[PDB]
Structures are given as structure tokens and as C-alpha cells.
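Protein sequence lines, in the order shown, are assigned to chains A and B. Take 1 as the starting number for the first sequence in the authors' numbering and just add one per residue. Take 1 as the starting number for the second sequence in the authors' numbering and just add one per residue. Every residue gets a Cβ at the ideal spot worked out from N, C-alpha and C, and that includes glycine.
There are 2 protein chains.
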Amino acid sequence: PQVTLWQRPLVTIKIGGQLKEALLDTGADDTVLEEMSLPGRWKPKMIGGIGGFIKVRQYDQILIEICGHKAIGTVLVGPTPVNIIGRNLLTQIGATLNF
Amino acid sequence: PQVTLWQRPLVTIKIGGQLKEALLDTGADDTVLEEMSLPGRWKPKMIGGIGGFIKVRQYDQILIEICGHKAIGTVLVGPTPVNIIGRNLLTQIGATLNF
Ligand SMILES: O=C1N(Cc2ccc(CO)cc2)[C@H](Cc2ccccc2)[C@H](O)[C@@H](O)[C@@H](Cc2ccccc2)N1Cc1ccc(CO)cc1
């Protein structure tokens, strides 16, 4: 799916039987995601980006549906104010930054 | 220029006769950039993302060359550990997130 709209390319993601807006974060290397409803079987970690380091849960193997398209990947669940989709997911949906 | 390489789409940008690695961050809305020497003419501000809020300088009208291509835009110079290229710049180089 092409997504330009000279604005934030957000995609309705479907993780842990849930749906939220995801900020296509081609900048991040993984798909972070504000706290949500995910089952255990994950690993505790912390990302360090702009402002400070937040705590998230590396959920490897999460069927996140972006753009009505199935896409499993590592979703980090933490206190992030946005559902970040990094390369870990831009590689499953085949996202490409052509400019 | 198409950039997938299932990894971080970094691009050597040339801002104010300067050059650094820019993490193509379609997630951000503007082009943040670790502290550096910009062409003056800017305003003090602070972005609030992952971890906390960092302080940057909205440098509006900065000739940032991405992919050997000239591209003026708003480069926020602050204590960011990376040169983020948000939509503000993904709209000048005509970037498109297709997956
Ligand atoms: O912290 C941000 N991370 C941090 C981050 C770390 C780890 C992951 C998962 O691996 C994802 C995101 C990225 C930028 C960055 C990456 C690495 C080092 C330094 C910076 C991201 O790529 C960017 O999209 C937004 C995400 C965001 C945006 C809004 C609200 C919450 C989170 N930010 C913050 C940001 C804020 C404003 C601008 C300018 O508009 C740019 C970035």
C-alpha cells in the first residue's frame, strides 16, 4: 500500500486481538507500542530514544495487522504514547521509503 | 531513491555545510538532528517522544541534502542521539512508504 498524504502515515494495526493507530516509524528498528492487551511469554527491556529510555516488553511473534495485511513481528509494549512501527515490521509488510 | 535493505534507511544529509547519518524516521513529523551548526535563524522548542521531552531548535529553511539531493526543511537541533528525518523532510524529497 502506498502511503504519502504528505503527513503521518499511520496504519490501523491489529495486535493481541486489539486495534490502535500506529505511527509508521521507519526511524525505529522495531515496533514499539503503548501498553496494550498482550499475553505473557515475552522479555522485559528498555528503549533509549528521544527524551530518555522507556520500558517495553519485546513481544516476539505478534500478529500485527497493518493495512488489512497480516504481519507478525516484535512489538515492544511499554509506556509509549504511540504505537511505533519500526523496521521489524516494515520488513514484513514490505514497506519501502522511495523519495 | 528507494530504500528498503530490511534495515534502518539512513541517509548522509548535508545541513549547513555539515554531514551526519540521518535515520529516515517517517514516524516523526519533522527532521530532528543532534546538536550541530545550523544557519542561525531559528527558535527554541522541545519535542516530547519516547523517554521524555528533549530541547531542539526549530531551524526552518535548512538546505538538508538527502541522497545527493538538495532538500530544505525544518531541522530541530537538540540533544538527540540521531539525525531524525520526519515528514517535514519526507515531503521535500517526495518519500513514500509503500508496503
Ligand atoms: O523517540 C522517538 N524515537 C525513539 C524510539 C526508540 C526505539 C524505538 C523502537 O526501536 C522506537 C522509537 C524514534 C527516534 C529515535 C530513535 C532512536 C534514537 C533516537 C531517536 C522514532 O523513530 C520517532 O519516530 C519518535 C517516536 C515517537 C514520536 C512521537 C511520540 C512518541 C514517540 N521518537 C520521538 C520523536 C519526537 C519528535 C520528532 C520530530 O517530529 C522525532 C522523534
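**Asked** Does any residue of chain B bring its CB to less than 7 Å from the CB of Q61 of chain A?
**Response** no
**Cβ distance (whole Å) where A28 of chain B is taken to contact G86 of chain B below 8 Å** = 3 Å
**Request:** Output the boundary residues of the alpha helix (DSSP H) element that contains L19 of chain A.
**Result:** Segment 18-24 is the beta strand (DSSP E) holding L19 of chain A; no alpha helix (DSSP H) there.
**Message:** Assuming contact is defined by CB atoms lying nearer than 7 Å, are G73 of chain A and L90 of chain A in contact in what I supplied?
**Reply:** no
**Request:** Determine which residues of the stretch 42-54 of chain B have a Cβ less than 7 Å from any Cβ of chain A, and write them out in chain order.
**Result:** Going along the stretch 42-54 of chain B in chain order, one finds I47, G48, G49, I50, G51, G52, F53, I54 with a Cβ nearer than 7 Å to chain A.
**Asked** Looking only at C-alpha atoms, which of B:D30, B:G17, B:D25, B:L24 sits nearest to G40 of chain B?
**Response** B:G17
**Item:** Contacts that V32 of chain A makes with chain B (C-beta to C-beta distance below 8 Å)
**Value:** Going along chain B in sequence order, the residues near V32 of chain A (Cβ under 8 Å) are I50.
**Request:** Please find out if some non-hydrogen atom of ligand 1 comes closer than 6 Å to the beta-carbon of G86 of chain A.
**Result:** yes
**Limits of the beta strand (DSSP E) - the one that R57 of chain A falls within** = For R57 of chain A, the enclosing beta strand (DSSP E) starts and ends at 53-63.
**Message:** With distance defined between alpha-carbon atoms, name the residue in B:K70, B:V32, B:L63 nearest to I54 of chain B.
**Reply:** It is B:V32 whose Cα lies nearest to the Cα of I54 of chain B.
**Prompt:** Between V75 of chain A and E35 of chain A, which are expected to be in contact by the criterion C-beta below 8 Å, what is the C-beta distance as a whole number of angstroms?
**Reply:** About 11 Å; that fails the 8 Å criterion.
**Item:** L33 of chain A, DSSP secondary structure in three states
**Value:** strand
**Boundaries (first-last residue) of the beta strand (DSSP E) holding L76 of chain A** = Where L76 of chain A is concerned, the enclosing beta strand (DSSP E) starts and stops at 72-78.
**Message:** So that I know if they touch, is there some Cβ in chain B lying closer than 7 Å to that of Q2 of chain A?
**Reply:** With 7 Å as the cut-off, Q2 of chain A counts as an interface residue toward chain B.
**Distance cut-off 6 Å: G78 of chain A Cβ against heavy atoms of ligand 1** = no
**Asked** In chain B, which residues lie less than 7 Å from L97 of chain A when you measure between Cβ atoms?
**Response** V3, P9, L24, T26, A95, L97
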